[PDB]
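Below is the sequence, then the experimental coordinates.
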Amino acid sequence: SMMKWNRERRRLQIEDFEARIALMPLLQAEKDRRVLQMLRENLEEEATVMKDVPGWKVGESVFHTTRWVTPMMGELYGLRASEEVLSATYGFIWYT
Amino acid sequence: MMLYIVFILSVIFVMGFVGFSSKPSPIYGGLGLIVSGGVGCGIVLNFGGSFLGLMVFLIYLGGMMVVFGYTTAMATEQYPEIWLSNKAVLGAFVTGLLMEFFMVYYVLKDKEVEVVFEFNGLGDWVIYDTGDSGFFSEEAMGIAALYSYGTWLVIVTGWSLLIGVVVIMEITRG
Amino acid sequence: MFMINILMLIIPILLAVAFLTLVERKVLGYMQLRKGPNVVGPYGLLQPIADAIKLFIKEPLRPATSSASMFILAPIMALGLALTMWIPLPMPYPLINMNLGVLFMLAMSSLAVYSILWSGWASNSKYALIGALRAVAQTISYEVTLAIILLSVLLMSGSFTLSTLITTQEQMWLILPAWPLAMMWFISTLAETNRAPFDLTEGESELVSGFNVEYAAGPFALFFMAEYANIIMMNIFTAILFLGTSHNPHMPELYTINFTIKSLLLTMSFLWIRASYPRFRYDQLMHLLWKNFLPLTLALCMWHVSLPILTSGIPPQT
Amino acid sequence: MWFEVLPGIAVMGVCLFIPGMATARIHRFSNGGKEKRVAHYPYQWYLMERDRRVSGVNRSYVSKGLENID
Amino acid sequence: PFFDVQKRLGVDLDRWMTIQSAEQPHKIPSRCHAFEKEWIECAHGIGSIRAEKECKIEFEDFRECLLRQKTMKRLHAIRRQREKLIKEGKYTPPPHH
Amino acid sequence: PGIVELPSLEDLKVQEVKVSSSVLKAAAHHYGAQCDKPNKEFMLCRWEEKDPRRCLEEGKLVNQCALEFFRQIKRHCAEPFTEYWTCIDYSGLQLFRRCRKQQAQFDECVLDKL
Amino acid sequence: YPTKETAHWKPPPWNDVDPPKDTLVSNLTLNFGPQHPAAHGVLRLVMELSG
Amino acid sequence: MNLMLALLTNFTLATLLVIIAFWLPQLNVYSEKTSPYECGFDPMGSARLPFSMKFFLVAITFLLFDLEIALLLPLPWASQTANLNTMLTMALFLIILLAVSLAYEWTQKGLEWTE
Amino acid sequence: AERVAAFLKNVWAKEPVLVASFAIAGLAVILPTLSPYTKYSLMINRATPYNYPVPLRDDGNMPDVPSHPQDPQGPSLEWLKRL
Amino acid sequence: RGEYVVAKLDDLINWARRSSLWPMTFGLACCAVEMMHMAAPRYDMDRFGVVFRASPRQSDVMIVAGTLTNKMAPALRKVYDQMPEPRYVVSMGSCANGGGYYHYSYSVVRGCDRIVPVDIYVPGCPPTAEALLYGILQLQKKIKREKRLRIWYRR
Amino acid sequence: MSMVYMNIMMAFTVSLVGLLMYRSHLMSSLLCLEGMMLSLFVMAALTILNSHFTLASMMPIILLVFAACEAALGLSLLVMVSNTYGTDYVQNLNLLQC
Ligand SMILES: CCCCCCCCCCCCO[C@@H]1O[C@H](CO)[C@@H](O[C@H]2O[C@H](CO)[C@@H](O)[C@H](O)[C@H]2O)[C@H](O)[C@H]1O
Ligand code: SF4
């Protein structure tokens, strides 16, 4: 009985996973725009914070290569309310 | 104050270490090694180490129990020492705690400390990964791979434990 | 509204425990041709509330030689951890949904044993210490077998999540494909909970209350409350593992009905087992666990690694 | 008689039934009549956090459907 | 290795975990996979003496992707300046920050 | 090092797909079949480039195709569909298993209407 | 080279078997009763115990 | 937060009961009440004297066996690998190697307590 | 070989727990070979899709890769459905 | 009125104490047998809430059930002192009541009331199981008449 | 480095100093040993968990396997040291000076 039921549960898991594979392009498109949206807002509201600082170049990369480097939580959520940061950081771990 | 959970837990992690490193009776030393091992689960848990956090906690829990059994049998004394009943232990305990407090005060105040080496106190959240979304914990995949990938590790560890049982038989039986 | 949900968990547990001290006395009485409490309230229904009140208005004696801090620490740690091993339990919705519920339950039952070890040590009494070290011997007896027996059953469920065990047993219970593990799991729950025939850390006919022989009043109640809370918890965990009940999301209450019934019937069998057998010798406990259960528990662990592979019935990771 | 042990068992059972009934009621109450969403894996959390943004009221359990498409 | 038997016998006893850009279960990528891969390709076959001088850029980036020491000093400067202008009441954050 | 190039907030603007999770999952096996060309073309770019700032126009055509997909559902039989994803929405794990009776209505309708 | 700080060192045993100690690894002495359910109420059973 | 609140509530309640237990009753403490208990007669020696461990060998082997189970909890996940040949062999190898370790300890009289 | 066939009775008489455990252990090591289903377990674990199935860049030389998910190329799971 | 509140918080604690007496498991001689019979099925002391508990710390009542010899006197006073308050002593049998049939012996204490303060004297050699039960229920009525809080309110 | 490392490494150093500064009981010095591996365990996991380097998630586990072996090996030697002198004191282990 655990043969047949576990085989069935594997077919139900494949079905669950396929549905994910259908929607991933959509959630990848939204994620790309969201990331760039947040970075651009940070830059705009970081040139004004440091307009009076000598030597600062707004938006200067720390990496020599011009490749695209995925931002870490600090860069992406650096200037935001702790409500968002905490949800973005430990929200999933702490969920129940 | 919740963005600094990983820092607060680490502070307790050290405080627990100073508790048993100053070396009172192994009864309280084991107590301080239980607390450090439990908040050690807490630190590893916040980083995604759910399985790893609970394994060090569960393993160290049974480890100290045997040590409690062995202390009563062999490392006891008429007047077990606590941290406040010995000038050497109290010196080690106070020296350790103050050394930690100055670290905490400076790093928090200046958002950076330089205890020999540079450390950045913006908070541990700044370095986490921003993106992820798969039906799995990458931690479990890595540990689960120990059997398909780490055949060599399995053999040397499994062999070491088997020799471990032979070793303790020979050592104790004299 | 979470804090409200914690209280709706804690308070019924204390009430359920208070009345398991009445159901036990009554069942043991009728199994002994007597009646058990029937004076203090109709059918002795108020007997728990005279036990509890009486203990908390009785002066608590702190032994002169005891270690004050850890003497007081131990009882709080017992009742504290006893209520914690409930939050992951799905009934059918757990208070806290853990991806590693089963480990978290093993970890808490390991940490709970330090209530006995420190309480006996903090007592600074020879009978307290002798009982405290009977807790060490007992833990070494059952932990290796307890962990493997759990492991051999999760190889059929496919995860450590406790709710996933409900989906696993939607067709037939897990006591059909694992009645050997069930038999050993039940025994190891008796030894984990310090219940007769494995009541060795208290051993009244041997050590006069054992580890908690210097405790009185409220601090002694906390050790009595904690032990009975763990009786219910381990049998609720036993009803989940091997007697899975069908969960219907639109009418969840029906799960709790059949679920509670199975955990009273199992909780009664602890009571039944207490009246039927003598007591083990604590050195005969390790030989039972190490020279019978452990060899058969290892052999069934290899069996339940092979079986899903040679039948194609490997459960989903999800 | 043995049936005089049943009053104690009833009171016990009705005390063990409450913990499980309260959780289902509260979860239902605080999620708009639905089960609390389970997120065992990072993927489901992403869908959860997305539902909170798609809701427009910062509640992940408020569901928007076709009527919301323009 | 001291006795490089693994290459002689063609058995991978432990190379599969030495680097984090190797094949991984389910093709889960490491965070700094690209930063490592570039440093490895740059410095492959030329030796540590030349690599310490010739692949400097790739290793500096790789070191940056790991310990983010430079990234967090930039962030620290921004927060320190911003928390200075607020205490002076000169800067106002938008609703979304 | 240079300035991290970044797109303008003007060019990051698209008509988002604002339907909750249960709507997507309930309309996923059909979505995979119908919008497979823009999706697979966008995703190929996304590994090929390894840069989000490049595959942005292709990340538009993924959305516009998705909106059209949910529109055809709305025009024809959105009532069997709303009866469907409300049953998915109920479950804590959003299980296809607990709604095969409400799913057959939605599946068979589109097999007639579209 | 003899020295004050080594004036009390002695040559080791010929077979490297330092003589066994006479430590009085004494037993725990416990009062088993009178007040004890197994002591029948009036038996003080003193017991030297090794564990 | 949800988990920490549950822990904080669980232990706060226990602390409150112990607080009520110690400050609510009428206390009357004197020297003879608090003396260590030992069946009505003064104890002979300290409870802190050494207490021989007769399962000292089994307790050690428990640590090593405790570690084996930590090498086997990955097994439910390890069974989801497409490379099941290697997993199964190496899985039955640790259990059998563990089983042998118990056989050697059992036969060499290591399980029997010292006398 | 009567010596072992009588050695089984003695152990079965004295220590039936060991007799049961070894027999269970032997089957856990032997039946994996002698099964027409042990092959499927590998097949199913490799049919579960955890990552994205990334598309290939069509170049007019790979007629073995389906152009659409509902195309009659690629591998099937009908063996799994009817299993 | 405060006098009413104490009158019902004093009924309460008295009810709790008398409805849950846990005697120390402690019998000296013959009279311990009748004490077992009080716990045996015919009389079932448990049905009244009475549960023997070995430890003095967890006990409420000491039933002195047998002869108290001079050797035993220090121990009976040790375990008594180790009972948390409130504690009550029931003197059961003639030997405990006042020496009984060894009154003129050289090794006997002539009544346990020379050592501990006694609340009830159950006469008989031994008191039948029912005579001891009458004494226990008479102790319950004594606790029912205590007025700790009423006397504190008027202190 | 991140501010979590400031304290994990501060934990290792204390436990190392704790080891190198003996007192009386040999047991206490074995707990400092266990203290180190715990800190080494936590340090490895953070680095490995943060880098998303998956295959080394089995590294901290293998660390624990040989951590208990030294704990077991130490407790075997502490038993034999006790039997000889009735205590675990390190002052007694001074025959080999000469
Ligand atoms: C003292 C050390 C003791 C170590 C003891 C180790 C014993 C291990 C015995 C082998 C256990 C696994 O046994 C092995 O498992 C695989 C799949 O899992 C089985 O089945 C496999 O066989 C072939 C392999 O091409 C295929 O049909 C298919 O991949 C699969 O069915 C094999 O028939 C068997 O060789
Ligand atoms: S009173 Fe009577 S029955 Fe009781 S001990 Fe004395 S002689 Fe025996």
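Noted; the coordinates are in hand. Numbering: from 1, shown residues only, chains lettered A, B, ... in the order given. Ligands and ions are numbered 1, 2, ... in the order given.

rest of the way, CA atoms for contacts and neighbours
OK.

how close does residue J:11 sit to chain A?
For residue J:11, the distance to chain A equals 46 Å [CA to the nearest CA, to the nearest Å].

and that residue, what does it touch?
Shown in contact with residue J:11 (CA atoms under 8 Å, 6 or more residues apart in numbering or on different chains): residue J:144.

do you know how far it is from residue C:218?
Noted for residue J:11: a distance of 21 Å to residue C:218, by CA to CA, to the nearest Å.

same question, residue B:157
49 Å.

So those two - more neighbours on which side?
residue C:218 (27 against 18; other CA atoms under 10 Å in any protein chain shown).

Secondary structure element for the more buried one, which one?
Counting by DSSP states H and E, the element that carries residue C:218 is helix C:217-241.

can you check residue C:134 too?
helix C:126-157.

Is any residue of the helix or strand just after that helix near chain F?
As assigned by DSSP H and E, the chain's next helix or strand after helix C:126-157 is helix C:164-168. No. Helix C:164-168 lies out of reach of chain F by CA under 8 Å from any CA of the partner chain, never closer than 11.2 Å.

Run through the residues of chain F sitting next to chain D.
So far as CA under 8 Å from any CA goes, chain F lies against chain D at F:17-23, F:67, F:70-71, F:74, F:78, F:82, F:89-93.

Now the residue nearest the centre of chain B: which helix or strand?
By CA atoms, centre = their mean, chain B has its centre lying nearest to residue B:37, at 4.2 Å. In the assignment (DSSP H and E), residue B:37 maps to helix B:26-46.

Quick one: check that helix for contact with chain D.
No. Using CA under 8 Å from any CA, helix B:26-46 stays clear of chain D, with a minimum separation of 13.9 Å.

Counting by contacts, list what that helix packs against.
Helix B:26-46 is packed against helix A:82-94, helix B:5-21, helix B:50-74, helix K:26-51, with contacts defined by 3 or more CA pairs under 8 Å, 6 or more residues apart in numbering or on different chains; DSSP states H and E.

So which of these is nearest residue K:85?
Comparing the helices and strands packed on helix B:26-46 by their distance to residue K:85 (CA to CA), the top pick is helix B:50-74, with 10.2 Å.

tell me the angle the closest one makes with helix A:82-94.
Orientation of helix B:50-74 against helix A:82-94 (axes from the mean of the first three to the mean of the last three CA atoms, to 10 degrees) gives an angle of 70 degrees.

Could I get the buried residue list for helix B:50-74?
B:50-74 (16 or more other CA atoms under 10 Å in any protein chain shown).

Just the CA trace of the helix ranked longest in chain D, in PDB.
For chain D, the helix with the greatest residue count under DSSP state H is helix D:6-29. What follows is helix D:6-29 as a C-alpha-only set of coordinates in PDB (Å, rounded to 0.1, in the frame of the first residue of the first chain):
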ATOM      1  CA  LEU D   6     -15.500   8.200  32.200                       C
ATOM      2  CA  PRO D   7     -16.300  11.600  33.700                       C
ATOM      3  CA  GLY D   8     -12.600  12.200  34.100                       C
ATOM      4  CA  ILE D   9     -11.700  11.000  30.600                       C
ATOM      5  CA  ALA D  10     -14.400  13.200  29.100                       C
ATOM      6  CA  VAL D  11     -13.000  16.300  30.800                       C
ATOM      7  CA  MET D  12      -9.500  15.300  29.700                       C
ATOM      8  CA  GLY D  13     -10.600  14.800  26.100                       C
ATOM      9  CA  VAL D  14     -12.500  18.100  25.900                       C
ATOM     10  CA  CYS D  15      -9.300  19.700  27.200                       C
ATOM     11  CA  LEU D  16      -7.100  18.000  24.500                       C
ATOM     12  CA  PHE D  17      -9.600  18.800  21.700                       C
ATOM     13  CA  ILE D  18      -9.400  22.500  22.400                       C
ATOM     14  CA  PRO D  19      -5.800  23.100  21.500                       C
ATOM     15  CA  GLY D  20      -6.400  21.700  18.000                       C
ATOM     16  CA  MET D  21      -9.700  23.400  17.500                       C
ATOM     17  CA  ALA D  22      -8.500  26.800  18.600                       C
ATOM     18  CA  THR D  23      -5.600  26.700  16.100                       C
ATOM     19  CA  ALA D  24      -7.900  25.900  13.100                       C
ATOM     20  CA  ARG D  25     -10.300  28.600  14.200                       C
ATOM     21  CA  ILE D  26      -7.700  31.300  14.800                       C
ATOM     22  CA  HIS D  27      -5.700  30.500  11.600                       C
ATOM     23  CA  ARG D  28      -9.000  30.700   9.700                       C
ATOM     24  CA  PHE D  29      -9.900  33.900  11.400                       C
END
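
check whether that helix contacts chain J.
No. With CA under 8 Å from any CA as the measure, helix D:6-29 is seen stopping short of chain J, the closest distance being 14.2 Å.

Nothing else from me, thank you.
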